[PDB]
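The numbers here are math on the coordinates, done by the rules we state, and not lab data. Backbone-built Cβ (ideal geometry, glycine too); neighbour counts: all protein chains shown.
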Amino acid sequence: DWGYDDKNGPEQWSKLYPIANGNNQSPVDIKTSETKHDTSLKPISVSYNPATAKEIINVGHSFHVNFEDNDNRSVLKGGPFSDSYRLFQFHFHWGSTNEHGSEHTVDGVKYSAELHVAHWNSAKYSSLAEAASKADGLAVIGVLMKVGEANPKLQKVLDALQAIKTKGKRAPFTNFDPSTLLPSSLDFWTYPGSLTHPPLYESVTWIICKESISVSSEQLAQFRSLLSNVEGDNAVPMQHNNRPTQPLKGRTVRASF
Ligand SMILES: CC1(C)OC(c2ccc(S(N)(=O)=O)cc2)=C(c2cccc(F)c2)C1=O
Ligand SMILES: CC1(C)OC(c2ccc(S(N)(=O)=O)cc2)=C(c2cccc(F)c2)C1=O
Ligand SMILES: CC1(C)OC(c2ccc(S(N)(=O)=O)cc2)=C(c2cccc(F)c2)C1=O
Ligand SMILES: [Zn+2]
């Protein structure tokens, strides 16, 4: 139903998903003059087991790399968290052009694309499903991506894309540690927010990295070469899937630095 186009995109979401106009919506513009340093913030600690990598799948508006959810082999802790959060997938957002495709912005600056590494609170909840709509249910690391030099760490992901050309296509995807996609500095901002597309639950603690990572124009072109349609239908390229930033509505963005 929803999407990113002229008829079903972000401007239209609040019709079926009224929380689109909520007070903890994501993404946001991080104004660095207005962030608050939090000395009680601990360093971010991620520990992912490459063996938890399971599959890669075209979900129509995007593609996802899913991880096995059985145990806490791959976890995120530290930062603002009391609980350990279990990794369950990562994915990207990008734009119609190579220069304008991220979701979060920093001091009004839009980046080329964005990496999201999603986790759920398995310490407190029974399942991803139970956590999905709890204020403290999900944790997502966002990394801003800036077009420039090719990023060698993306290669395994990119090579898999030809195996998931149309909506619903899935392929095995194993032995990969997405922490290798993270920048060297783990300075970060954090703020309370939401999924950046429907159902838009305000269930997400966001961790946004201070440093960007690279991506080349040719690599972004591989993202856009995916199709949003089901095989057999007319081809619709997966051209863009980033949401505009949303008002902070009183929220405070905390900085670890
Ligand atoms: C909108 C609705 C019902 O939700 C999902 C979906 C939910 C959660 C996650 S995830 N990986 O947990 O974030 C990913 C996808 C799909 C979906 C799943 C596989 C292939 C596909 F083409 C679509 C849907 O059709
Ligand atoms: C299977 C999986 C991952 O789980 C949930 C989900 C489960 C339970 C609850 S809750 N907290 O019980 O209301 C909330 C969400 C969805 C889901 C995805 C898109 C739209 C939607 F409405 C639900 C999924 O695709
Ligand atoms: C609640 C639960 C498990 O989480 C997500 C989800 C996670 C992270 C982000 S994001 N872009 O990082 O904020 C956005 C959405 C979905 C989901 C729903 C519909 C389609 C889909 F592909 C995924 C879910 O069903
Ligand atoms: Zn995302």
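A few comments on the model shown:
- Just one of the listed residues (221, 129, 171) is more than 16 Å from residue 116 (Cα to Cα) and within 16 Å of ligand 3 (Cβ to nearest atom), and it is 129.
- Every residue from region 163-211 that is β-branched (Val, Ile, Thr), within 13 Å of ligand 4 (Cβ to nearest atom) and in a loop (DSSP other than H, G, I, E, B): 196
- Residues in region 165-220 that are acidic (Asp, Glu) and over 20 Å from residue 76 (Cβ atoms): 218 only.
- Residue match in region 130-149 (condition: in contact with a helix residue (DSSP H, G or I) (Cβ under 8 Å, 6 or more places away or on another chain), among the basic types (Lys, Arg) and either within 16 Å of residue 196 (Cβ to Cβ) or outside any strand (DSSP E or B) (or both)): no
- Residue that is farthest from residue 122 (Cα to Cα), among those in region 56-72 that are part of a loop (DSSP other than H, G, I, E, B) and polar (S, T, N, Q): 62
- Residue list for region 127-151, filter: within 16 Å of ligand 1 (Cβ to nearest atom) and surrounded by 15 or more Cβ atoms within 10 Å (Cβ to Cβ): 128, 131, 132, 134, 137, 138, 139, 140, 141, 142
- Of the residues making up region 111-150, those that are within 16 Å of ligand 2 (Cβ to nearest atom) and in contact with a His (Cβ under 6 Å, 6 or more places away or on another chain) are 116, 139, 140.
- Matching residues, region 91-110, being closer than 25 Å to residue 176 by Cα, in contact (Cβ under 8 Å) with a residue 60 or more places away in the chain and assigned to a strand (DSSP E or B): 92, 93, 94
- Odd one out for residue 167, checked against (1) over 18 Å from residue 57 (Cβ atoms); (2) surrounded by 15 or more Cβ atoms within 10 Å (Cβ to Cβ): (1)
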